[PDB]
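Following this are structure 1 and structure 2, which are two forms of one protein chain, each written alone as structure tokens.
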Structure 1
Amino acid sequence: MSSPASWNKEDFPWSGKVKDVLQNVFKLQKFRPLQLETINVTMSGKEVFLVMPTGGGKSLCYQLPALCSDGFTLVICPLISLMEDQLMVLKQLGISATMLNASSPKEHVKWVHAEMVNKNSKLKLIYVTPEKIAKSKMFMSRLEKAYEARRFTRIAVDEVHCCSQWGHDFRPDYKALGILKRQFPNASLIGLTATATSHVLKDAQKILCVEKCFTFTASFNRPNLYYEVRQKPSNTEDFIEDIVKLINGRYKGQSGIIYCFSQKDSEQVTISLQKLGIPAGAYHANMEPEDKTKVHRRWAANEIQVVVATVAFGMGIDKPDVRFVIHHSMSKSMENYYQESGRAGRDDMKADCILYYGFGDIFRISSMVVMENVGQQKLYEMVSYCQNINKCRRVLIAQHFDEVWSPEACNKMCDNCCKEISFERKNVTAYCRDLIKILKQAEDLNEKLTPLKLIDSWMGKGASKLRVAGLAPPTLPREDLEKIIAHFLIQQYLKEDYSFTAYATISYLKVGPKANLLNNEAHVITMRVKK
């Protein structure tokens, strides 16, 4: 909500030191957007909140000032693997930093305690969990004693959106960080986040007891990324063959990421690509630091070409020259797909974001997110993105980023913008009636229909007992019928029915709520068909 352009100077007393720590210590060349302004706000002793996408370079905005200020910097991070992620790079660069989780032994805990009060303990960044602030009586004590000794000067809050309710990813410990700025007022506070709306940001400002605060948000639009949606072949081996052909065609030798829904799927793709001559490796977030360094250094040294990652996992893979991100299966939500695909083309040059749309993936993910009360809705948003053939994909993604998406032209940088066929709207009402006929007949016979059984009964296949008498199967291929059934699902003419078995959660199809709209013979249902 603030204008960072006024802070994009280098004439501050600290700008020389900042530039060198960036070039000779951090081994970087020039600042990414909003980094210099955020750093300049922090070095001036003011609080600042930075909203910036994952993989953008948010961490530097507090790591570099910690090396330009005196003493140490406290970093509130909620999860331990994420900490170790930062710590690896931190003292791989030669920056003495440390960690405090619940499970650290007494040796290290007392060493850290003595180092906070030490005068040239070379330590510059202490990462701690919010429980260490909320539920540790005297961690606060020597925090205050280091403050009085001018050693405690900066606070960095990761995932600041976790402070506010009417928000998601709420960690309750985040209430108690309001003590920090209350007890440490001269210490400058910086909060960083990638998923935050201003309505939540202001609540977090109130919660942290930071009223006057700058708010910089980055342009989430990445014009160098090309968004594309491709059909997912039902055969897994044909799918891997198509992936290998695409990689060898467009991205021969270029580094890339392949996102899979499951860990089994990612291991699966790693070995399959390896057998077909594409050097690949797997990466896991709940990983040992060392094998993280292993997969990372094999990727950087181009020893392997493609990194196979899991959806809610990646969280630390960071390569500037990622030329393509292939989604082996669609993501749980549109925001998740944005943050996942966006890790590509961090060098601001052209990169491709390919997504493979599979009919069965819809119901796998739907069956997986049943416990999330909004999982199905966000998944249907993703499915509607995959089904859309006319709108520019950048606009579709922008629909979920109203506050952080600059209204910029796509410049023919997505498959729909380049697709030079205009479309026409087919009346699909007959197909909906036929599907409802099938579903009601299966309901009468006490039979539950999986999407596959519904499709087969529609095509005159599957169990003869489940077929409606005299229903002529449509003249369209399986894929088109799948898109039609998906469309009916989104418009809620059909609805999902989850059944919980001892082994897994199965998703059947049932007549939807809006189906009664068909009682109107004048009711028309329209779809947009390729030419």
Structure 2
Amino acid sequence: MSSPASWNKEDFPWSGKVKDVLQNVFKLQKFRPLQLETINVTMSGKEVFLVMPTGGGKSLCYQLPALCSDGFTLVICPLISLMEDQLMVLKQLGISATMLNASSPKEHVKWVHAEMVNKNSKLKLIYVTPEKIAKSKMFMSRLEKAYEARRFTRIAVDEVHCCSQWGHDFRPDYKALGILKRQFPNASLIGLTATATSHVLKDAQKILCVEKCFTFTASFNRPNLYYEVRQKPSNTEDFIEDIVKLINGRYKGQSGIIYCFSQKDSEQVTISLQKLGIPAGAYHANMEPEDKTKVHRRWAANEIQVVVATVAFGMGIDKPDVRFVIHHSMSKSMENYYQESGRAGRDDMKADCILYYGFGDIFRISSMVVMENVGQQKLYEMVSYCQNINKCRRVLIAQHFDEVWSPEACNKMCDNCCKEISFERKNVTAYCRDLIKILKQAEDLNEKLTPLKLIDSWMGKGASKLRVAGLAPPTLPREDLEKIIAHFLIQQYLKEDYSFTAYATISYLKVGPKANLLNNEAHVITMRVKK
């Protein structure tokens, strides 16, 4: 990555117009880190890649230069919902912008096509899907005439990581976006993304023929965020009651976000929150722009205090004063959890990120990510984070952001750093040999045990056909047995087995690959517990 320090100045020829536009058009007071530096590189006509967390303020880095320049900026966006999010903001500020996609009606294409070459056009930003570049002969011809006419001046590729083959959400049409620099060399190009994945980045600039460009990365550590992991109650109504108790206790009247795993979860939490005295509203990426406005305005006006969102690509909820982000269920990955929880405290003031860890959520999420080649490994990293009690949470998260995370100290801004608790290693080897007996007897019977069935047999319940004769139940609460099995799953003494049923993927437990170590009587399985 390049050093931005030299660009963190307001002594450029355009600096006066930039500060004008920032305050009197966008109605913002100061730049966030790396905004001015990225803008200055683009404004100087140079190529730049910006790596900044979701919610960090990337859009401004190309929207503002468009408003300070002649003509328009072409923005490459992967989703129509993402373009509508941007057009909603730009429309509210009184900025002329538009979009083109495959489903665009003919009368609108004819309009945009003509406005691109119209020297008296108000259009400053034109958002198009990569298909408009690869699979539209007509649009390219207008771009060529716009470019020759000095009206097409800048290129912005949002979600530039889609270019590379080794990154999230690869779009095939992004590969062809290298044509832009080859055909329009005097147009500066900016790449925006929240991953860092340096291979993905160095590769994206090669696909874009923008090799080596300035590459700026923001510091991903958010020192004002307090990270916490809580036990998720087994009872759904006890869980929603604990959430309402937590909101009124700590965050009385403050705006917050609740992330749910599923679309059903998000909707049912909202009505439960409403009954329990918390004004809440759901937000989804598939929503109509007028529905998104409905939520955004009620959230800003404190009509609804909590926005219950469901984890999906297209989340356009950004408020500067989000005081708490609660994860109703854990994320699919550590990278996802950082970005989702990172929507808190964008006003640089203290904000809490509360994660509710549930044993059942391990298998519900594992089953949903079965088709992702590394879905299980990525989820078990999240579960391992929930299980950790002896490491700073900021250190655990930073492990996934190695190139973009300052070593900067946590300063008691996570629960593990704050709690003055001692730990102790317990022997759980005999419990593992018990679980393997139950599972082997189910194999002899051709019975697949879910965690529910496996725990039930362990306790002396469930089908007596799945119980083992001499196996005394452990005399431990059901959630200690859950903790033990979760430990055996991460350490791969147990392993998941997926079963595809007509309507859903289901998780079963099976003898894991490390269970053979228990043939040597000297092998001891321990567990760190709170003392």
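Reference numbering: structure 1, starting with residue 1. Take the two forms, find the largest set of C-alpha atoms that superpose within 1.5 Å, and that set is the rigid core.
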property	result
Displaced position between the two structures, chosen from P223, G167, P279, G360 (C-alpha, 2 Å or more, rigid core)	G167
Core-aligned C-alpha movement of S464 between the two structures, 2 Å or more	yes
Rigid core superposed, the C-alpha shift at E372 between the two structures in Å	1.0
Per-residue Cα shift, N8, between the two structures [Å; core superposed]	0.4
Per-residue Cα shift, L445, between the two structures [Å; core superposed]	2.3
